[PDB]
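Accompanying notes for the structure given below.
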Amino acid sequence: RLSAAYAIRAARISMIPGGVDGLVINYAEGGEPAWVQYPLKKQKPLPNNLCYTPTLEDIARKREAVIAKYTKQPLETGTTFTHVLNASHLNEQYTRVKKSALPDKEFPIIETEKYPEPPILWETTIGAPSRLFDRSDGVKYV
Amino acid sequence: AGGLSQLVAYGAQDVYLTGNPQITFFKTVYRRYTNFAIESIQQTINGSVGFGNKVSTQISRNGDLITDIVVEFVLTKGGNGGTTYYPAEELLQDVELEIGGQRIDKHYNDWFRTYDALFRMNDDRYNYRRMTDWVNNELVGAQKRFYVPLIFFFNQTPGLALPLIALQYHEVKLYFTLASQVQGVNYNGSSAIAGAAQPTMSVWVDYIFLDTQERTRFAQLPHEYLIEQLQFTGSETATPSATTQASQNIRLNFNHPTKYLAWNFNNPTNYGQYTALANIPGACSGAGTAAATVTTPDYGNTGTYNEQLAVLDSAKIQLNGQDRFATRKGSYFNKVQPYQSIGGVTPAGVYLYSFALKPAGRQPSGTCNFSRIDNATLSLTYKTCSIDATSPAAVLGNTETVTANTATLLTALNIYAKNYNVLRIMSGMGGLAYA
Amino acid sequence: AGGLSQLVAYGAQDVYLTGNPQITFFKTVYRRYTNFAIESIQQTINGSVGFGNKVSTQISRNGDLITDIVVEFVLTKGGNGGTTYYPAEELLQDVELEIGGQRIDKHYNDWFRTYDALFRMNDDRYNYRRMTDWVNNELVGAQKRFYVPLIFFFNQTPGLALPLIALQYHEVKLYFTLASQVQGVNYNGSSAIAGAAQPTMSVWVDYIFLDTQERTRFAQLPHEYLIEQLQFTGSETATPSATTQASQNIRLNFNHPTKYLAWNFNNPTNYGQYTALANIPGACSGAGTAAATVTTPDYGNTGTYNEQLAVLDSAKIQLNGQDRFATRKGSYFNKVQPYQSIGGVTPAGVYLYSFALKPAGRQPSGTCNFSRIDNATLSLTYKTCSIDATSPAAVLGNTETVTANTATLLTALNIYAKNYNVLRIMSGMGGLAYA
Amino acid sequence: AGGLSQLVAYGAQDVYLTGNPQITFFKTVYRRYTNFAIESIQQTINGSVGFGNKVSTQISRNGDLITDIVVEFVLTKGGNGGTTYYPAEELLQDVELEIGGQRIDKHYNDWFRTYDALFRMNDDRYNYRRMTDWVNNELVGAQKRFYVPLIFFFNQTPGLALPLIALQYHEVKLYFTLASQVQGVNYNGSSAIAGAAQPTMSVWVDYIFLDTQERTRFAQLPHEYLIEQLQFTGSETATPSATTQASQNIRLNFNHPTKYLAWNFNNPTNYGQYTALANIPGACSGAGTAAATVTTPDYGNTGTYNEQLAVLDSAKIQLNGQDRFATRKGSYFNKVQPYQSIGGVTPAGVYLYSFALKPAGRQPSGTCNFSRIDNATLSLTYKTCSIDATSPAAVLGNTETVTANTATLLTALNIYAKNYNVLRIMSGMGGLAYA
Amino acid sequence: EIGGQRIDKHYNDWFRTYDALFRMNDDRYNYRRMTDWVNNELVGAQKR
Amino acid sequence: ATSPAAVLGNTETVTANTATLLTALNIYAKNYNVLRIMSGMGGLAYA
Amino acid sequence: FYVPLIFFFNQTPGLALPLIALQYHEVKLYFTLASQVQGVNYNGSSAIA
């Protein structure tokens with residue numbers, strides 16, 4: 001708690017990350033100042049990094065694409081014939097797929113039932129508060 | 001002097017707490033809310049009730065939304081105090097929630113017990129026991145009304161109140177299966193209690209009555225309710241043995257985004273028994289005296305915090321063959337996981353592993369989506385059952401890796417998983433998005 | 001492997017939880033709040049303090065806002081452990097609060113007991129008992145200081161701190177009534193205890209000292225506080241007997257948007273006794289042995305969770321001549337209501353009914369406006385008093401519809417209600433906006 | 001009739017609660033959050049773990065952020081049940097937290113005991129005890145795995161998770177000192193227990209794995225946190241006389257915005273003993289009978305709520321020679337302060353004084369900045385040690401200003417202060433802004 | 001109940017009170033014949 | 001199993017003590033695949 | 001025992017009752033149980049205790 005010349009050199013000595021910029025510093029001894037914050041250091045460096053990897057959302061897009069692919073296509077197609085006679089056809093295909101690449105959305109029953117008539121607003125009531133008719137409790141004393 | 005002498009003691013270090021103040025603590029402004037009211041309305045239960053019976057109820061259209069559901073049971077003691085253990089919980093074997101013919105969820109008597117063991121606490125837990133058991137040393141023939149709350153997603157928070165008004169064309173119902181036997185009520189261990197009364201049952205549903213603007217929005221607009229579901233598979237426990245350390249690898253046939261797994265080992269003979277019997281106070285019928293037996297539990301003290309009577313030495317969860325986390329001791333799942341994630345105190349024999357930061361809440365906070373994991377396996381290592389249960393010196397002076405010879409009675413294993421799903425409601429119909 | 005193996009398990013089902021993320025859990029930004037300090041300052045009591053006296057005190061304007069108020073009492077034991085029950089609470093017979101002379105609110109010793117019974121829980125509830133009673137088996141002649149916190153709306157949250165600063169032209173005063181007798185301190189049942197000391201009393205107010213900008217705004221600007229008020233009427237209980245179920249229609253003279261109702265039946269002689277006496281451990285003086293009497297309680301164990309000793313069989317609340325809800329059993333109001341809405345454990349003989357989602361909170365969440373109800377009533381039905389209280393077989397082995405013959409001693413009924421009003425402060429003066 | 005009867009009872013007094021509504025309670029939309037996963041990774045402990053040894057670990061860079069840290073120990077009982085008291089907590093003498101070589105914080109076994117006594121509660125506190133002690137009457141030779149969570153600022157809330165990810169150039173280390181002796185494990189009073197086993201030890205860190213977007217943000221941006229630090233000054237007491245009231249003025253060498261002070265008086269020989277011993281149940285070895293020794297505690301029941309055995313009569317805190325508040329009784333600090341500020345129950349001998357509205361929380365709510373107080377002093381008045389501890393009547397029936405003759409054994413005082421500093425992280429380095 | 005809302009309600013005692021006041025002559029007797037045993041029927045007698 | 005009264009007069013959930021000899025379990029599934037022949041030779045569509 | 005019903009929709013998929021097309025109708029089955037069943041609760045005219 002020294003009068004800023006000191007706080008600043010101390011920040012350097014103590015290896016405060018960055019340094020004083022962003023800190024609030026005491027001055028003198030009392031009659032308390034120090035609502036003063038040194039503005040964040042200009043051009044705080046973005047140290048070179050390799051932090052970008054496919055995001056999980058990017059992964060979901062890819063995994064969902066995989067699911068769609070395997071929903072429609074086999075996991076693996078055999079190549080056992082390929083060049084045998086003209087049988088590019090007749091290759092066995094592998095349809096069992098890892099759970100992580102299976103679809104998982106339940107039957108869209110609420111989109112398929114198609115009730116013949118649209119829903120309504122199920123209004124119910126007890127009627128008017130007959131003892132509350134023509135009775136105003138919102139009166140400013142005059 | 002006084003408070004002012006502190007108030008004036010300001011400086012640079014206080015700026016980060018009170019400089020450029022934004023908020024005070026002395027001006028709370030409450031939110032204005034839509035006018036609503038709640039009425040607890042009795043439902044009609046279809047089908048005969050009694051022990052072993054299965055009945056159901058449609059939740060009637062009395063209000064617009066529903067939350068709490070309470071099942072009232074009337075039971076009479078078939079023996080004296082110490083013979084029952086949360087009998088109202090034992091009685092309600094299971095409850096199935098169906099909307100529009102789709103199974104949304106399902107709870108089990110054991111889950112009600114496991115759930116309580118993990119998630120309720122302090123006075124909240126004691127109240128719950130008061131509503132499901134006899135806790136004032138009541139005697140044979142005593143009659144008591146027990147209230148078993150439901151713990152389905154809409155019974156947890158008003159935030160998930162089921163908008164029956166938005167389900168104009170789909171029935172909503174609960175199916176309740178009653179246990180064939182309830183300890184200390186119609187049976188005592190394996191023996192039936194002659195003359196025991198059959199239960200009287202009633203279901204109450206708390207209905208929310210909305211004002212016009214809110215009622216309209218629910219009835220008119222589509223909704224997406226992020227809800228939780230319970231998954232459950234019961235299985236054989238690698239039977240504990242006195243000669244070695246049994247082990248077991250259980251492939252978990254779970255799905256969805258899972259907040260946590262929970263499990264227990266139990267003796268299927270006695271509801272709530274998750275630990276070995278022993279001749280130490282509270283660990284068996286007559287424990288501590290000449291009449292003690294380590295073949296029958298002290299029913300009133302079926303549950304315990306005495307870890308030496310638990311059977312899990314250690315466990316880990318693997319995902320696609322790889323360790324999810326380093327192997328930890330059974331006592332870690334029993335004591336620490338709940339400490340960290342819930343804050344309550346879990347009985348020996350009951351274990352929790354969270355994939356979530358705050359599994360006891362409603363807000364999702366990290367999940368393990370098993371619909372994206374080809375092979376999720378729970379690996380369990382058991383303690384060696386070398387300790388003679390009838391001798392406290394052995395029961396109490398033993399080591400970390402061993403347990404009671406009576407721990408071999410804990411042959412049933414229950415593995416649960418709690419996960420999120422989406423209950424979509426639109427055009428008068430509702431149902432789940434994933435399975 | 002490890003945590004990364006969970007993150008990768010990600011797809012469309014996770015969108016509802018983590019897609020388009022808005023928040024995190026691993027970084028908190030704390031709000032910058034105002035600069036203030038707290039000081040506990042002794043007030044001067046105007047009037048004599050002793051048993052049966054009425055005194056008042058004005059709150060000094062030492063700080064700007066006030067919250068907690070603690071009344072200290074010094075009591076001595078007139079008998080041994082087991083002879084007193086929350087005696088400092090019993091002593092503070094009541095307290096009134098006025099601002100500018102307008103009564104804002106009033107609390108009663110019984111309310112403090114009722115409030116505690118319903119809303120304090122776990123260690124809060126225990127620590128509370130430690131400040132109002134003797135809980136370590138202290139003996140006759142023991143002397144202790146008790147601290148009775150007050151329960152006025154501004155004593156519950158800083159959010160409602162009373163702005164003495166904005167009340168420059170109004171005095172804020174408390175009025176206290178000290179009980180004529182306190183069990184185990186100056187009287188034992190009906191008998192005076194020779195040599196009992198008169199209580200010493202001191203009133204302390206915890207003041208908030210605000211910094212310049214906050215202090216200026218409070219002093220100059222008008223304010224509107226949403227506050228709580230307690231409404232109360234005491235009345236005679238229709239007394240049940242061995243051969244009959246008494247019933248009673250109690251017109252409820254209440255007004256304002258009400259958060260909840262609460263009530264109890266009691267023995268007006270024995271503070272805190274809300275249940276019948278019986279010869280079972282803790283239920284009466286000498287209970288469990290030959291010397292037991294079922295005309296006097298074990299005062300140190302006056303309260304109980306043993307509902308069999310409670311008097312109420314069932315009840316309903318009727319509004320404008322019409323049922324609010326289906327008639328429910330006393331155990332519903334004793335266990336389920338507070339389970340659902342508070343989470344504490346309410347003792348036998350004390351009943352709650354909420355018109356709100358969170359009766360224990362500050363934020364309004366559904367209210368019953370009795371200012372718009374002309375014919376409100378609480379309709380009670382009592383159990384038959386046929387059980388011989390001196391015989392545990394009868395006391396403990398009985399049915400739901402019956403209670404102790406000693407339940408006929410519970411002749412007093414206290415009905416409370418808690419509502420929301422507005423305390424307005426303007427130009428240095430204030431008071432309540434509505435009746 | 002029913003719930004609609006409440007909604008219809010609408011008038012002017014409802015406007016303040018429901019007019020121009022802002023919210024509902026029946027439509028919770030959960031926030032989308034960043035996806036994450038949490039892994040438990042075992043750290044390597046450098047140095048020999050054993051009684052009296054100093055060991056350390058560097059937290060590995062396996063995840064991005066860290067929160068909970070648990071230190072496991074395995075101990076074997078050196079005597080029977082009742083001879084130990086939180087021995088795992090006692091063993092971990094201290095823990096020092098350092099980043100890049102700068103000391104961030106340092107905790108002590110006694111702090112863990114004080115912290116727990118003040119801030120954990122109900123079932124949480126019990127569950128904690130279950131992880132640090134033997135609470136099921138285990139016997140000599142019993143082996144048990146204890147879990148002692150750390151309570152540094154980043155170990156209590158996710159909100160303060162330490163960004164190892166943004167500390168690319170600084171090692172984060174924990175140094176742990178193990179006690180030379182642990183009662184009931186390797187020592188019994190002053191004697192060593194021959195044959196006692198050395199403890200095993202393992203340090204576990206819970207690492208959070210972030211998604212790419214959150215992980216990138218953390219890795220490159222500067223971060224500023226409000227963190228907690230524990231200040232501690234141990235000192236000799238003005239040990240009370242059996243003839244009078246000792247008093248003391250303790251200069252408090254504290255700095256920084258302080259949330260609260262806490263302290264205890266203790267017998268340094270017996271871990272956790274904050275009170276005098278006496279021949280009353282739980283207050284000494286053999287208490288209640290002829291064999292009772294009031295100079296040897298019941299270790300398993302070391303703590304108590306019986307204020308008669310505490311030694312602080314009264315206290316005040318001075319700032320620069322000015323009274324901060326009026327002198328209050330020791331029971332005011334022991335019972336009321338934590339009632340108001342924490343909501344739990346504090347054991348006798350432990351005192352709290354808050355400068356904050358809610359000191360038990362993370363969010364600052366009022367502080368005393370001791371960096372601006374040239375002369376901070378704690379002023380204590382002790383009780384007179386005139387009560388014959390071997391005579392239950394002498395203890396249980398005495399007055400406010402006295403205590404046990406055995407209270408003269410409370411020769412040590414531990415004063416703690418919890419304050420707020422600023423942790424900054426940038427360009428791979430971290431440290432604390434203020435000395 | 002109509003639409004989830006109570007319209008009205010009767011009680012056994014009301015039925016007795018109503019009958020006592022408003023039914024009469026042979027209407028009342030025929031009513032009794034439909035709710036009781038009025039031909040001196042004996043124990044075990046069954047009636048719809 | 002050796003006593004007809006016990007064998008024949010019993011309940012739905014019980015069986016013979018000799019029923020413990022049925023230690024083997026055989027589970028079958030009958031399914032549909034496609035056998036494809038082309039240009040003189042063939043094999044199954046799905047594997 | 002399992003007693004299959006023999007209503008038209010209980011004999012062939014071809015006559016499956018389209019509950020889905022009966023969106024506004026209920027389908028109910030009323031079953032009357034015999035007062036006596038031979039060899040179960042009665043033997044000829046005699047009740048079996």
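Chain labels A, B, ... are given in the sequence in which chains occur in the structure tokens; within each chain residues are numbered consecutively from 1, and ligands are likewise numbered from 1 in the order shown.
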
* **Exercise answer, chain C residues close to chain E, 12 Å and only C-alpha atoms, as a list in words** =>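 Interface list for chain C against chain E: residues 322, 323, 324, 325 and 326 of chain C.
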
Produce a file of the selected residues containing N, CA and C atoms, as a compact mmCIF listing (two decimals), in the first residue's frame.
# COMPACT_ATOMS: atom_id res chain seq x y z
N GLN C 322 -67.71 -20.79 -0.69
CA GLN C 322 -67.38 -21.95 -1.52
C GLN C 322 -66.05 -22.61 -1.21
N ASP C 323 -66.05 -23.92 -1.25
CA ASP C 323 -64.83 -24.66 -0.96
C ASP C 323 -63.67 -24.21 -1.84
N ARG C 324 -62.55 -23.87 -1.20
CA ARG C 324 -61.27 -23.56 -1.90
C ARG C 324 -60.66 -24.85 -2.46
N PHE C 325 -60.73 -25.95 -1.69
CA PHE C 325 -60.13 -27.23 -2.01
C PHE C 325 -60.94 -28.33 -1.30
N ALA C 326 -60.78 -29.59 -1.71
CA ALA C 326 -61.46 -30.70 -1.03
C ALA C 326 -61.00 -30.82 0.41

Distance limit 12 Å, atoms considered: only C-alpha atoms. Which chain G residues sit that close to chain A? Return them as a compact mmCIF listing (two decimals) with C-alpha atoms, in the first residue's frame.
# COMPACT_ATOMS: atom_id res chain seq x y z
CA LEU G 19 -58.53 -46.38 -33.15
CA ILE G 20 -56.57 -43.62 -34.92
CA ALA G 21 -59.51 -42.97 -37.25
CA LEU G 22 -61.81 -42.90 -34.23
CA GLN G 23 -60.08 -39.86 -32.85
CA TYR G 24 -63.24 -38.63 -31.17

* If you fit chain D onto chain B using every C-alpha atom, paired in order, what RMSD in Å do you get? ->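 The C-alpha RMSD comes out at 0.4 Å.
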
* Rounded to one decimal in Å, what is the spacing between atom CA of residue B:372 and atom CA of residue B:155? ->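 Straight-line distance from atom CA of residue B:372 to atom CA of residue B:155 works out to 28.9 Å.
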
* Asked: What are the residues of chain B that have an atom within 8 Å of an atom of chain A, counting only C-alpha atoms, as a ChimeraX atom specification?
  -> /B:10-13,15,19,165,168-169,215-216,219-220,371-374,425-435

Put those residues in a file: N, CA, C and O atoms, as a compact mmCIF listing (two decimals), in the first residue's frame.
# COMPACT_ATOMS: atom_id res chain seq x y z
N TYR B 10 -11.79 3.34 3.21
CA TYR B 10 -11.88 2.88 1.84
C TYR B 10 -10.49 2.93 1.22
O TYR B 10 -9.55 3.39 1.87
N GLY B 11 -10.36 2.52 -0.03
CA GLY B 11 -9.09 2.54 -0.71
C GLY B 11 -9.16 1.81 -2.04
O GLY B 11 -10.22 1.37 -2.48
N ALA B 12 -8.00 1.63 -2.66
CA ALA B 12 -7.91 0.99 -3.96
C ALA B 12 -8.46 -0.41 -4.01
O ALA B 12 -9.11 -0.81 -4.98
N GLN B 13 -8.29 -1.16 -2.94
CA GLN B 13 -8.68 -2.56 -2.97
C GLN B 13 -10.16 -2.79 -2.86
O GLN B 13 -10.62 -3.92 -3.04
N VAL B 15 -12.27 -1.02 -4.69
CA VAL B 15 -12.90 -0.66 -5.94
C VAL B 15 -13.48 -1.86 -6.64
O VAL B 15 -14.60 -1.82 -7.14
N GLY B 19 -16.67 -0.18 -6.22
CA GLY B 19 -16.47 1.02 -7.01
C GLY B 19 -17.44 0.94 -8.15
O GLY B 19 -17.86 -0.15 -8.52
N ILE B 165 -53.75 -28.24 -20.62
CA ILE B 165 -54.52 -27.44 -21.56
C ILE B 165 -53.92 -27.40 -22.98
O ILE B 165 -54.59 -27.00 -23.92
N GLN B 168 -54.79 -30.88 -25.55
CA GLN B 168 -56.21 -31.05 -25.79
C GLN B 168 -56.61 -32.44 -26.29
O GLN B 168 -57.66 -32.92 -25.92
N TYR B 169 -55.81 -33.12 -27.11
CA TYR B 169 -56.30 -34.39 -27.61
C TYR B 169 -55.67 -35.64 -27.02
O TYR B 169 -56.02 -36.75 -27.43
N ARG B 215 -53.34 -18.60 -20.03
CA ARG B 215 -54.07 -19.80 -20.38
C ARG B 215 -54.09 -19.93 -21.89
O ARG B 215 -53.81 -21.01 -22.43
N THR B 216 -54.37 -18.81 -22.56
CA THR B 216 -54.40 -18.77 -24.01
C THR B 216 -53.07 -19.16 -24.58
O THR B 216 -53.00 -20.03 -25.45
N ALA B 219 -52.53 -22.95 -24.39
CA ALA B 219 -53.43 -23.69 -25.26
C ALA B 219 -53.12 -23.50 -26.76
O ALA B 219 -53.32 -24.42 -27.56
N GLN B 220 -52.69 -22.28 -27.12
CA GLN B 220 -52.42 -21.86 -28.49
C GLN B 220 -51.03 -22.12 -29.06
O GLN B 220 -50.89 -22.47 -30.24
N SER B 371 -26.27 -41.52 -26.19
CA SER B 371 -26.76 -41.84 -27.52
C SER B 371 -25.62 -41.65 -28.52
O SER B 371 -25.78 -41.93 -29.71
N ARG B 372 -24.50 -41.15 -28.03
CA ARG B 372 -23.34 -40.93 -28.83
C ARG B 372 -22.15 -41.76 -28.35
O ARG B 372 -21.01 -41.51 -28.76
N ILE B 373 -22.40 -42.75 -27.46
CA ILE B 373 -21.34 -43.61 -26.93
C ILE B 373 -21.61 -45.09 -27.21
O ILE B 373 -22.42 -45.71 -26.52
N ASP B 374 -20.87 -45.71 -28.13
CA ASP B 374 -21.17 -47.10 -28.49
C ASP B 374 -21.07 -48.07 -27.32
O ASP B 374 -21.92 -48.96 -27.18
N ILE B 425 -44.85 -30.13 -27.21
CA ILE B 425 -46.29 -30.06 -27.21
C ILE B 425 -46.77 -29.09 -28.27
O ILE B 425 -46.30 -27.96 -28.35
N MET B 426 -47.66 -29.54 -29.13
CA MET B 426 -48.17 -28.66 -30.18
C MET B 426 -49.48 -29.15 -30.73
O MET B 426 -49.73 -30.34 -30.83
N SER B 427 -50.34 -28.22 -31.11
CA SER B 427 -51.61 -28.54 -31.74
C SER B 427 -52.42 -29.59 -30.96
O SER B 427 -53.10 -30.43 -31.55
N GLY B 428 -52.40 -29.49 -29.63
CA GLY B 428 -53.16 -30.39 -28.78
C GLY B 428 -52.53 -31.74 -28.50
O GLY B 428 -53.13 -32.57 -27.81
N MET B 429 -51.33 -31.98 -29.00
CA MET B 429 -50.68 -33.27 -28.83
C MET B 429 -49.31 -33.15 -28.19
O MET B 429 -48.61 -32.15 -28.38
N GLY B 430 -48.86 -34.18 -27.49
CA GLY B 430 -47.51 -34.07 -26.96
C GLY B 430 -46.76 -35.39 -26.93
O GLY B 430 -47.36 -36.46 -26.93
N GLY B 431 -45.45 -35.28 -26.89
CA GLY B 431 -44.62 -36.47 -26.83
C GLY B 431 -43.13 -36.15 -26.89
O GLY B 431 -42.71 -35.02 -27.13
N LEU B 432 -42.35 -37.17 -26.65
CA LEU B 432 -40.91 -37.03 -26.63
C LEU B 432 -40.29 -37.06 -27.97
O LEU B 432 -40.68 -37.85 -28.84
N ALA B 433 -39.26 -36.24 -28.11
CA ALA B 433 -38.45 -36.14 -29.29
C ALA B 433 -37.44 -37.26 -29.44
O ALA B 433 -37.17 -37.66 -30.57
N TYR B 434 -36.86 -37.78 -28.35
CA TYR B 434 -35.78 -38.75 -28.51
C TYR B 434 -36.05 -40.08 -27.80
O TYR B 434 -36.81 -40.13 -26.83
N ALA B 435 -35.41 -41.17 -28.26
CA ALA B 435 -35.54 -42.46 -27.61
C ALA B 435 -34.33 -43.34 -27.94
O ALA B 435 -34.45 -44.57 -28.07

Would you pick out the contacts of residue E:4 at 7 Å or less, using only C-alpha atoms, so that residues sharing its chain but fewer than 2 positions from it are not included, and give the list as a compact mmCIF listing (two decimals) with C-alpha atoms, in the first residue's frame?
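Contents of around_31.txt, freshly written:
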# COMPACT_ATOMS: atom_id res chain seq x y z
CA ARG B 61 -59.04 -31.50 -16.78
CA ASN B 62 -59.72 -29.42 -13.65
CA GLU E 1 -68.86 -30.92 -12.57
CA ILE E 2 -68.91 -29.40 -16.05
CA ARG E 6 -68.24 -27.66 -9.84

Could you give me, as a PDB file with N, CA and C atoms, in the first residue's frame, each residue of stretch 9-43 of chain F that DSSP assigns to helix (DSSP H, G or I) when run on this structure's backbone?
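selection.pdb written:
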ATOM      1  N   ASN F  17     -37.860 -79.069  -8.159  1.00  0.00           N
ATOM      2  CA  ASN F  17     -36.481 -78.944  -7.702  1.00  0.00           C
ATOM      3  C   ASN F  17     -35.497 -79.424  -8.772  1.00  0.00           C
ATOM      4  N   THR F  18     -35.984 -80.254  -9.675  1.00  0.00           N
ATOM      5  CA  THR F  18     -35.238 -80.848 -10.765  1.00  0.00           C
ATOM      6  C   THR F  18     -35.202 -79.913 -11.953  1.00  0.00           C
ATOM      7  N   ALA F  19     -35.833 -78.762 -11.816  1.00  0.00           N
ATOM      8  CA  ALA F  19     -35.867 -77.786 -12.867  1.00  0.00           C
ATOM      9  C   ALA F  19     -34.556 -77.044 -12.906  1.00  0.00           C
ATOM     10  N   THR F  20     -33.721 -77.263 -11.892  1.00  0.00           N
ATOM     11  CA  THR F  20     -32.447 -76.591 -11.817  1.00  0.00           C
ATOM     12  C   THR F  20     -31.468 -77.287 -12.742  1.00  0.00           C
ATOM     13  N   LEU F  21     -31.892 -78.404 -13.336  1.00  0.00           N
ATOM     14  CA  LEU F  21     -31.050 -79.136 -14.243  1.00  0.00           C
ATOM     15  C   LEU F  21     -31.093 -78.497 -15.623  1.00  0.00           C
TER      16      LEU F  21
END
